[PDB]
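# pasting the first chains of the complex, positions unchanged:
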Amino acid sequence: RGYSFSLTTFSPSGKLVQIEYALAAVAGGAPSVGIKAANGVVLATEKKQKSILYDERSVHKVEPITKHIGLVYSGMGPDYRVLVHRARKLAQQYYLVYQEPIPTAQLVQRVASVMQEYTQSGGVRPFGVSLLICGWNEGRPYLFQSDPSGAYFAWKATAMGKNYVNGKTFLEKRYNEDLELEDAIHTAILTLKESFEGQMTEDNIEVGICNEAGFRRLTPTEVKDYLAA
Amino acid sequence: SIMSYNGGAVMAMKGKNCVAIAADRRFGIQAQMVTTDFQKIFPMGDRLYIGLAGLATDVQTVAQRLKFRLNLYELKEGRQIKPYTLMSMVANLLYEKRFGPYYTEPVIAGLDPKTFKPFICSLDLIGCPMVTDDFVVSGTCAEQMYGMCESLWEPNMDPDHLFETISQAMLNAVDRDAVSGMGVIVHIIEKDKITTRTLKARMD
Amino acid sequence: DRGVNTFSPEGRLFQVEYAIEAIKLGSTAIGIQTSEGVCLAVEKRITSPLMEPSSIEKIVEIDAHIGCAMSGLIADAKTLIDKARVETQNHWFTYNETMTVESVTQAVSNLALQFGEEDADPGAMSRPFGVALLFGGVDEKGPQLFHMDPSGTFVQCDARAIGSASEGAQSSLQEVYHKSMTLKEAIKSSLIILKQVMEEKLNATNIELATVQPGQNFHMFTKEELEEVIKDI
Amino acid sequence: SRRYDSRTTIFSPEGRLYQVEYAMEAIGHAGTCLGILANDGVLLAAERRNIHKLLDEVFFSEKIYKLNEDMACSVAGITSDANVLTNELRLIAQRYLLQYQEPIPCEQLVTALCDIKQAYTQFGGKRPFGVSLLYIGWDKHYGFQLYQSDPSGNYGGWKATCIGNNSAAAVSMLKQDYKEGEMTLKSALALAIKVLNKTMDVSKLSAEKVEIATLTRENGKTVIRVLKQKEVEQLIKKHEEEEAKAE
């Protein structure tokens, strides 16, 4: 019939430990890197399948929400998708009211408000998913991180996943505020190289960019061109 | 015809880098006036006004339901609304009660808050948006000021020509309508200022 | 650790078994059914001298012909004695007759064991009632007196004491009661037994007495009326 | 299921609500947020937590969240639960305006959120909102006001108060350098920076670690204005220099 009590409660130290444990699910996930350049945002993640038998052109970790908003995760695969199909639905519920493409900050405020609700509603665990969300609205690029608590943060560049603390130190060295988009894709790929454990190819990662032409994830023919440099 | 109960006439006209909106001042019952100061034009922005005619309980309700939703919008979105987006906000509000509609046909008139691009619109009672570049009318004397603004409107008017056009098209229409009149208020919305002139009309 | 609807290994349904132990902390109430009327006498158990004793309403009107006497958790009784009053008025509305004393007891005791925590209502009782009720009145069958334990077990009694000193006042009721005594002799017998069992000195402030006769209605004694009875004891 | 339930809304055997008292310690390790009432305004002085080098500057503030034309709040605790509360105060503030065509009085807005907060401490079996949050505002009936609202659901009007980390040390400094009926706005900005030095463990302030908003009246209209980086850097340097002229 459904449990009506919160599974996330405060610990005596003042902590919501089910959220703090859902962060541990995120920090064990595959590394995801977002970089906001001056004319675009690049979202790159490690799409490293377990075996050769897995179809790489089947499921996607960089998913578009609108024509101008895409997002990527570190954490749990299936919790991402319930959260990425509601994000696509919240984006069209805005568009039916306002007939304007949703601002990127407003989508992140609606997605994180959902993620807050499964930290307080009855009989549910939080999501084990953080989200790097990108978008282009009003001539400005946007990059947000949505933590499993439901808190959102606008980032110039950040990283999640395994070795995120080592990776986010690598962003603080090689991030110029006045980069272009084509120079930010290389620095996003290099962060996925700082912890990869192998030889990364066009199928072992997944890159998504968002410029004023909208959001799109890069084709594996286009990923190979950036790996040559 | 229930929208002729209180009467009323609102008209919005586009100029060059400026818009004008105008309404009558009469509040009434089927043929009886009560006040001559009834507000039908409401400030939905810095330089963006909505004008509502029709049944006067819905002129007051929809302007308050829209001020409800716009203040939620301007706090959450952190910016002022664009005049195209207010149009879709009103069109959602009027269609959400489609069966049993709000008996108002609002016009909006404003400037784009980051382009100063002029915008006028008109909606039906169940929210069908009409964007025009010439003029929009709404009210009891619609046909009086359709043909009145088909002659007087010229493209690319100065703010002083725009005031003398929308005010000669309101006065000649509501003096030919029985349940519209008792004054005309005109807002000229320009980039630097909002000028508001009530003007001498026939009080019959 | 266990739910409210849980049987003991002895089959006792724990929460009712503990709601019976709640009555043994409430003040002592005595009822005696005679052929000439019933009497209801309860200890008020004055806690502080500043407490106004006219607010300790441990005896209430149900209808003009039925009065109830309570012990235990007095706040829990007020939902039972209001459902008692509405049921007598719904019976009068439909049938234009006074409701009998047994069927008012039968309707109130259907609310006992109507608790639970699994969609029993949108607003349902979490727990049983911590009260015993002594209904007493005169119906078409004559004077009657009923007991209303929290298990919903209702029983007609000739004389019944409930409360903290029931086991010891029920031993005194079985000795002095007989099936032909008078209501004056039952009012007097309900105060010798209250004298044995009350802690404070028994006066006309810390007791509460009410009778139901076949002729007259329910009435509760005044301060001047109780003074005559206590001098006779 | 009774096994999996934690009983968030029951009493302790000492008469306490554990999840409320445990939500109070989530706030004592949040960002330090204080508010000072003056004779011509109220301010908020939140110590900024998200002070990383690679953070952007999207929306107007970090922990202010203007509620109304005439009143703003400031939150400390769970960041996510504060966003749910601040959408709710904006709904209450606009349902009053829809119903009365007057702006919500500031005590009536704090009271209505504190009823929603109390309701999660008494029924429903949910955890409370671990957000204590300040309030500044103007209304017709009492003018400039300042409120604080704990997760218990009880509130209070203050002349100077502080929530967040090192709030107890911040209150005692506000007990002595605050003067009732004698604080101007410019005197209260300097008191805000004075408290935000002995209650932040860092060596000094840099205005990337604080956020200040003031609320004043200007020609019959309440203005709520987050101070920019240069406006606070002048206030830090006016206190980093004047402390040298007192020793």
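Looks like it arrived, so ask away. Residues are numbered from 1 along each chain as shown, chains lettered A, B, ... in the order given.

# Count the neighbours of the closest residue to residue A:3 other than its chain neighbours for me.
With C-beta to C-beta, 6 or more residues apart in numbering or on different chains as the criterion, residue A:3 has its nearest non-adjacent residue at 2.9 Å, and that residue is residue A:123. From N, CA and C alone the C-beta is placed, and that goes for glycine too. Residue A:123: 16 surrounding residues under other C-beta atoms under 10 Å in any protein chain shown.

# list the contacts for residue A:123?
A:2, A:3, A:4, A:5, A:7 (C-beta atoms under 8 Å, 6 or more residues apart in numbering or on different chains).

# Tell me if I'm right that the first one and residue A:124 touch.
Right, residue A:2. No. The pair residue A:2 / residue A:124 is not scored as a contact, 9.3 Å apart, by C-beta atoms under 8 Å.

# hmm, back to that, please spell out the PyMOL selection for the buried subset of the contacts of residue A:123.
To isolate the buried members of the contacts of residue A:123 in PyMOL, using 16 or more other C-beta atoms under 10 Å in any protein chain shown:
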select buried, chain A and resi 5+7
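
# Export the contacts of residue A:123 to a markdown table and append columns for secondary structure and distance to residue C:29.
As requested, those are exported to a markdown table (DSSP: H, G, I helix; E, B strand; the rest coil; distance: C-beta to C-beta, whole Å):
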| residue | secondary structure | distance to residue C:29 |
| --- | --- | --- |
| A:2 | coil | 45 |
| A:3 | coil | 43 |
| A:4 | coil | 40 |
| A:5 | coil | 40 |
| A:7 | coil | 47 |
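
# For chain B, what lies in contact range of chain D?
For chain B, the residues in contact with chain D (C-beta under 8 Å from any C-beta of the partner chain) are B:64, B:65, B:67, B:68, B:71, B:72, B:75, B:76, B:78.

# Could you tell me which of those residues count as buried?
Here, 16+ other C-beta under 10 Å leaves B:65, B:67, B:68, B:71, B:75, B:76, B:78 buried among the residues of chain B next to chain D.

# Now do the contacts for the residue in chain B positioned nearest to chain A.
Nearest residue of chain B to chain A: residue B:88, at 3.9 Å (C-beta to the nearest C-beta). Listed by C-beta under 8 Å, 6+ apart, the contact set of residue B:88 reads A:97, A:98, A:99, A:100, B:129.

# Chain E should go on the structure too:
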Amino acid sequence: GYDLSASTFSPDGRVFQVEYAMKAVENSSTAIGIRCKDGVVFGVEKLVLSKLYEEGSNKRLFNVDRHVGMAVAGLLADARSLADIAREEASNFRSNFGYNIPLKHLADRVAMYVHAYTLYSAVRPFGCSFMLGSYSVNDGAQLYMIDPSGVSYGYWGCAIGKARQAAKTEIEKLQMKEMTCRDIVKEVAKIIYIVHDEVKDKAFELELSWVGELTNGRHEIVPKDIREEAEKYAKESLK
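Let me add chain E to what's already shown:
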């Protein structure tokens, strides 16, 4: 504490509340059913506890539709509950599709009702296995059996109860695929008496019900003229 709910797997991936509920079937007396060339014959070893019960109390053979019968074993109050569920599904099928429900579909609709109580902490699994059996001209003889987990398999012979393994060896040496229904009843009664323990559980009343071609596909109790001519046959080979 991995066994207090049906919404909990064990660390080796088992739902013990389902597996405890099939211990309840294993504490019930053996009910067998044999699918033959002409139909399906059920048989229940019905343990009569007291002499004070009337002959026919606690009936274990149910009619869930006019062509489908149901032999149960386990917690009997749960069995009468699922017999009502199987009657509602057979009723709703005819009210929505206009013909008698196939035994394949009826067994799958009921097994997914049983499965629905193996998933949640709000309910417990059913404490009963039960066989279903029907006959049609088109579909032929069919015998399905549903476990408390909710799994339904088709059988030529099933033997739910205490002496489950001991009765399956007697059904396996029978060659039911060529035998007719009046020959199976003489054999079902043999298998019931040979698996009954005349020491542990004392008194028992044999219940037999077929459904087959000789009844034009109606499910009914075997008549006493044929029932007593099989109980006499069963004791004669029990020696």
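
# Once more for the neighbour count of residue A:123, now including chain E?
Using other C-beta under 10 Å, the number of residues around residue A:123 comes to 16.

# Stretch A:158-169 near chain D anywhere?
Yes. Counting by C-beta under 8 Å from any C-beta, chain D has neighbours in stretch A:158-169: A:158, A:168.

# Now that stretch - C-alpha only, CSV.
Coordinates of the C-alpha atoms in stretch A:158-169 are reproduced here as CSV (Å, rounded to 0.1, in the frame of the first residue of the first chain):
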residue,chain,number,x,y,z
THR,A,158,33.4,20.6,-12.0
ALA,A,159,33.5,16.8,-12.0
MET,A,160,31.8,13.9,-10.4
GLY,A,161,32.3,10.1,-10.2
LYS,A,162,35.4,8.2,-9.3
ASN,A,163,38.4,10.4,-8.6
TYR,A,164,36.3,13.5,-8.7
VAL,A,165,38.4,15.2,-6.0
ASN,A,166,41.5,14.6,-8.0
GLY,A,167,39.7,15.6,-11.2
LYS,A,168,38.3,18.8,-9.8
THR,A,169,41.9,19.9,-8.8
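
# you'd agree residue E:145 is in a strand?
Yes. According to DSSP: H, G, I helix; E, B strand; the rest coil, residue E:145 belongs to a strand.

# Could you tell me how far it is located from chain A?
Distance, residue E:145 to chain A, by C-beta to the nearest C-beta, to the nearest Å: 30 Å.

# List the contacts of residue E:168.
E:157, E:159.

# which stretch of helix or strand covers residue A:85?
Element membership of residue A:85, judged by DSSP states H and E, is helix A:77-98.

# what about that helix and chain B, touching?
Yes. Helix A:77-98 reaches chain B (C-beta under 8 Å from any C-beta) through A:96, A:97, A:98.

# How about the residues of chain A by chain B?
Counting by C-beta under 8 Å from any C-beta, the residues of chain A that sit close to chain B are A:96, A:97, A:98, A:99, A:100, A:103, A:105, A:106, A:109.

# which residues does the residue nearest to the first one when sequence neighbours are not counted contact?
I take that to be residue A:96. Closest residue to residue A:96 apart from its sequence neighbours, by C-beta to C-beta, 6+ apart: residue B:92 at 7.4 Å. By C-beta under 8 Å, 6+ apart, the residues touching residue B:92 are A:96, A:97, A:98, B:127.

# attach chain F to the model above:
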Amino acid sequence: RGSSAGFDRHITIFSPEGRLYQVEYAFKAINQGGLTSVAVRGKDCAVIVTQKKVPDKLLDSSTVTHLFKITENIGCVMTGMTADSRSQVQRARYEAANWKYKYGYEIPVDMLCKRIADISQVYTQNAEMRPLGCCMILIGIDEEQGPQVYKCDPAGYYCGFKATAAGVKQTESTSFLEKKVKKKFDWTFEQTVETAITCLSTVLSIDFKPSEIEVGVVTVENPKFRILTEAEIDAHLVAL
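Chain F, in position alongside the others:
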């Protein structure tokens, strides 16, 4: 290694290392059936092959099956708890028919594994319900993408495959059959059935009879899902 604190053992909440300790037990529930299913797609075909252990002589072996027909064009093989198996098949058959009723075309294998996995995610996030101890492997022919073999699991993860195994010998038959995804294409024609059978024959060391397995195919020439008869399987089993 794996810490635990609270009711991580019983309901789907997070371990202190964020593991969903309860969801990992539904994968152990797939091995409880003792069976192994092998799926492989070719260039014009996709094949499912699973063990058929009729352990009783009295079972009607026509009803002991793990292959299921979801639509006319989508086939299924199930591995795990057999009752949880049949529930997910009826939910897949129901979700595939709402697609045709709402959208007017036959559902892809793409979006049927996605919807069934979105149902399985709800079991891993609500405490009131356990996950289903079973995994579904769907096959079919898309219009543009061709043969598809998609597998969803109790976690809610539904990725696509060139070749899948599931159940007890899953690791022994993934490590085997990934060596045949070497030089070209695992013989990508109609005798990927022989790739599927010899994969299941090696990890079981069985060298099957004609009626010890059951095979389900789709093709481009026949997009309908067919279950092979034992005479058709023995035509392949005698070829190896």
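
# Go back to the neighbour count of residue A:123, now with chain F?
Per other C-beta under 10 Å, the neighbour tally for residue A:123 reads 22.

# phi, psi of it?
Residue A:123 adopts backbone torsions of phi 70, psi 20, taken as degrees, to the nearest 10.

# Also the one 10 residues further on?
Residue A:133 has phi and psi values of phi -110, psi 130 when expressed as degrees, to the nearest 10.

# Residue E:70 now?
Torsion angles, degrees, to the nearest 10, at residue E:70: phi -140, psi 110.

# I'd say it and residue E:59 touch.
No. The criterion here is C-beta under 8 Å, and residue E:70 misses it with residue E:59 at 10.7 Å.

# the more surrounded of these two?
residue E:70 (26 against 14).

# any idea how far that one is from chain D?
Residue E:70 sits 33 Å away from chain D when distances are taken as C-beta to the nearest C-beta.

# quick one: contacts for that residue?
E:61, E:62, E:63, E:64, E:83, E:86, E:130, E:131, E:132, E:133.

# Check which helix or strand the third one maps to.
Residue E:63 belongs to strand E:61-65 when elements are defined using DSSP H and E.

# Output that strand as PDB - backbone C-alpha positions only.
The C-alpha trace of strand E:61-65 is given here as PDB (Å, rounded to 0.1, in the frame of the first residue of the first chain):
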ATOM      1  CA  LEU E  61     -12.700 -30.300  -4.000                       C
ATOM      2  CA  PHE E  62     -14.200 -27.100  -5.400                       C
ATOM      3  CA  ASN E  63     -16.100 -26.200  -8.500                       C
ATOM      4  CA  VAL E  64     -14.700 -23.000  -9.700                       C
ATOM      5  CA  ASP E  65     -16.500 -23.100 -13.000                       C
END
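
# What ranges does chain A have for its strands?
In chain A, the strands defined using DSSP state E lie at A:32-36, A:41-46, A:62-64, A:69-75, A:129-137, A:140-146, A:152-154, A:157-160, A:205-211, A:214-217.

# Burial-wise, tell me which of the ones you listed comes out on top.
Of those, the one with the most neighbours on average (mean count of other C-beta atoms under 10 Å in any protein chain shown) is strand A:32-36, at a mean of 30.

# wait, is residue B:156 part of a strand?
No. Using three-state DSSP, the assignment for residue B:156 is coil, not a strand.
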